Amino acid sequence: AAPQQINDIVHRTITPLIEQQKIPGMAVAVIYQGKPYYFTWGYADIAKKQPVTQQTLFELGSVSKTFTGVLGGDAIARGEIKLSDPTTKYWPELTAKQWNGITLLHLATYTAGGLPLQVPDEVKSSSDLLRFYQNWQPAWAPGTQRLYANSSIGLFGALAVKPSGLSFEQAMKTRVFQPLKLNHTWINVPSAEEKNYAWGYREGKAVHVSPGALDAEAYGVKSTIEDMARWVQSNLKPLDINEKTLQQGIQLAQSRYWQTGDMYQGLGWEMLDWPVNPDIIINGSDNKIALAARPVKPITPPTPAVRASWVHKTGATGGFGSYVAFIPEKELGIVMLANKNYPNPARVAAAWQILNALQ
């Protein structure tokens, strides 16, 4: 059981959300005074009447970028990479002149100059990727415009693990998932766990995310509400993490590297100063803003992680919609996982209503 104030605000907020958005299945975790409280609704598989449980796996979509950012932070802390390193240090075959000056920082923070939102579906092998990046022409100089992009942070993640000699998946398992005891968090769902993998629903049809280049880095993690609550706990309170470079990596992913308007770009995470204007976060989450190019101001050196922040990330796939938000100063956070991609502003409005009530 949760304290009644949590049960009350969750029931009053999530029930109309599910009805308004026709969400088939949903799981919510509230982290309150550092402890998790879980809630589930509806079905992971409608036709087969499988309820959502605390072991249901949801596609995180772009919430996966938070894991990629932390894994990159850990590689920085290990001394394996620097954000100022040129992309070409890790991929010297990227000889085209437009890559001169594009650093790992730019890739990690969507500031390379207009790398596109998606890797094209036609681009599948490393050779296809090389052609893609060699032929890409920037719209802007590096470090001037943020354009949210799977092709940008996806490449960051692929390159950041090269010194380790591990694949991206193996690095993520060994360096992030295992130390944090995320035992039900997967880039590739094992056969024995397929029974727990919810279907996503798009226009009423059951769907799962399709393979794509750099999927693991940009949008490919699947996880349970329990593991996601532990992920929030770890990012709320990194000083409890025993593995020093992972603790440091978590901290570095909440450093502020760029500002645009009132939002700050971390590694995967995005941040605003708390208290927030809820309209700014709600309206800023709409893709009309969130996917637009926005001019950035550099923060030199990056601001070390600010405890009084709203730290958050939206994520989607064709069939799923996820959101995570937390406030380190308040020891408070929320995870919302659903098997329908419903509008971002409705996610953020509900999260803020719940966390604002519990602050």
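In this chain, numbering begins with 1 at the start of the sequence shown. Reckoned from all heavy atoms, side chains included, excluding hydrogens, waters and symmetry mates.
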Under 4.5 Å between side-chain heavy atoms, hopping through other hydrophobics if needed: is there a path connecting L236 to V30?
no
Counting only heavy atoms from other residues, nucleotides and ligands, does the tally under 6.0 Å from OH of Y43 exceed 12?
no
Is there a side chain to side chain contact (heavy atoms under 4.5 Å, CB included) between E169 and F177 once you walk through the steps?
CA-CA 10 Å; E169 175 179 28; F177 294 168; over 6 Å; no
Once you round to the nearest 0.5 Å, how far does CD of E329 lie from OG of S309?
9.0 Å
CD of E226 to OG1 of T185: how many Å apart, nearest 0.5 Å?
10.5 Å
Nearest-0.5 Å distance that lies between atom CG in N287 and atom OG1 in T314
7.0 Å
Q98 side chain to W136 main-chain N or O, any donor-acceptor pair under 3.5 Å?
yes
Could you state whether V70 and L214 fall into the same hydrophobic cluster, counting links through intermediate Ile, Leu, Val, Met, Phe, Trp or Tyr residues with side-chain heavy atoms under 4.5 angstrom apart?
no
Output yes when a side-chain donor or acceptor of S64 lies under 3.5 Å from a complementary backbone atom of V221, and no otherwise.
yes
Give a yes or no on whether the backbone of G249 and the side-chain of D74 come within a donor-acceptor separation of less than 3.5 Å.
no
Using a distance-only test with no angle check, is there a side-chain donor-acceptor pair under 3.5 angstrom linking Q54 and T40?
no
Got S164 and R175 here, is their nearest side-chain heavy-atom distance under 4.5 Å?
yes
Between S84 and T103 the two heavy atoms that sit nearest each other are O-CG2, 3.5 Å
Judged by atom type as modelled, is there a donor-acceptor pair below 3.5 Å linking the side chain of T13 to the main-chain atoms of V10?
no
If we only count heavy atoms from C-beta on, is the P343 to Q21 side-chain gap below 4.5 Å?
yes
With a 3.5 Å distance limit and no angle check, can you tell me whether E331 reaches the backbone of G34 through a side-chain donor-acceptor pair?
no
May I have the step-by-step check of side chain to side chain contact (heavy atoms under 4.5 Å, CB included) for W274 and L332, ending in yes or no?
CA-CA 12 Å; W274 173 270; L332 187 56; over 6 Å; no
Linked, directly or transitively: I354 and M228 (ILVMFWY side chains, under 4.5 Å):
no
Distance, nearest 0.5 Å, that separates NE2 of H312 from CD1 of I334:
13.5 Å
Quick check: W199 with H208 (ring centres under 6.0 Å apart)?
yes
Nearest heavy-atom pair of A149 and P116: which atoms, and what distance?
CB-O, 3.3 Å
Does any non-hydrogen side-chain atom of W269 lie less than 4.5 Å from one of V324?
yes
Is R202 salt-bridged to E59, going by a charged N under 4.0 Å from an acidic O?
no
Modelled atom types, side-chain donor and acceptor of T111 and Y257, under 3.5 Å
no
side-chain contact (heavy atoms from CB on, under 4.5 Å) with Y90: which of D85, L155, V161?
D85
If we ignore hydrogens and angles and just use 3.5 Å, is the side chain of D286 paired with the main-chain N or O of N344 as donor and acceptor?
no
With a 3.5 Å cut-off and no angle check, do the side chains of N150 and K65 form a donor-acceptor pair?
yes
Check whether any side-chain heavy atom of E270 lies under 4.5 Å from a side-chain heavy atom of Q265, and answer yes or no.
yes
Distance-only side-chain donor-acceptor flag, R131 / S127, under 3.5 Å:
yes
Beyond-backbone contact of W186 with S223, side-chain heavy atoms, under 4.5 angstrom:
no
Whether the side chain of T15 engages the backbone of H11 through a donor-acceptor N/O pair (distance < 3.5 Å, no angle test) should be reported.
yes
Distance only, no hydrogens: is a donor on one side chain within 3.5 Å (strictly under) of an acceptor on the other, for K244 and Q247?
yes
Are side-chain heavy atoms of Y323 and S285 found at a separation under 4.5 Å?
no
If you count every heavy atom of other residues, nucleotides or ligands that lies below 6.0 Å from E203 atom CD, does the total exceed 12?
no
Smallest heavy-atom separation, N339 atom then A44 atom, equals ND2-O, 3.5 Å
Would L107 end up clustered with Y133 when hydrophobic side chains under 4.5 Å apart are linked, directly or stepwise?
yes
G25 to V52 - nearest heavy-atom pair and separation:
CA-CG2, 3.7 Å
Kindly say whether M172 contributes a backbone atom to a donor-acceptor pair with the side chain of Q170 at under 3.5 angstrom?
no
Assess, by modelled atom type and distance only, whether the side chains of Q145 and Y110 contain a donor and an acceptor separated by less than 3.5 Å.
no
Mind checking whether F39 and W41 have parallel, tilted or perpendicular rings, split at 30° and 60°?
parallel
Is there a path of hydrophobic side-chain contacts, each under 4.5 Å between heavy atoms, that joins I289 and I280?
no
Main-chain N/O of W352 paired with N356 side-chain donor or acceptor, under 3.5 Å:
no
For the atom pair CG (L246) and CD (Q251), what is the distance rounded to the nearest 0.5 Å?
10.0 Å
Donor-acceptor contact present, side-chain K181 to main-chain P179, <3.5 Å
no
Got a sec: does the NZ of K89 have more than 12 other heavy atoms crowding it under 6.0 Å?
no
Assess the residue pair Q359 and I327 against the criterion (side chain to side chain contact (heavy atoms under 4.5 Å, CB included)); give the C-alpha distance rounded to whole Å, side-chain angles, the decisive distance to 0.1 Å, and a yes or no.
CA-CA 9 Å; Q359 67 167 305; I327 307 165; 5.8 Å; no
Do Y37 and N7 make a side-chain contact, defined as non-hydrogen atoms from C-beta onward lying under 4.5 Å apart?
no
Using every non-hydrogen atom in the two residues, find where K124 and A213 come nearest and quote the distance to one decimal.
O-CB, 4.1 Å
On a heavy-atom basis, the closest approach of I14 and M336 is CD1-CE, 4.2 Å
Chi angles and distances behind the side chain to side chain contact (heavy atoms under 4.5 Å, CB included) call for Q134, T95
CA-CA 7 Å; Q134 290 276 83; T95 61; 3.1 Å; yes
Side chain proximity check, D215 to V209, heavy atoms < 4.5 angstrom:
no
Could you tell me the separation between the OG1 atom of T56 and the NZ atom of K195, rounded to the nearest 0.5 Å?
9.5 Å
Side chains of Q5 and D8: do they bring a donor and an acceptor to under 3.5 Å?
no
May I ask you to check whether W231 and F67 place their ring centres under 6.0 Å from each other?
yes
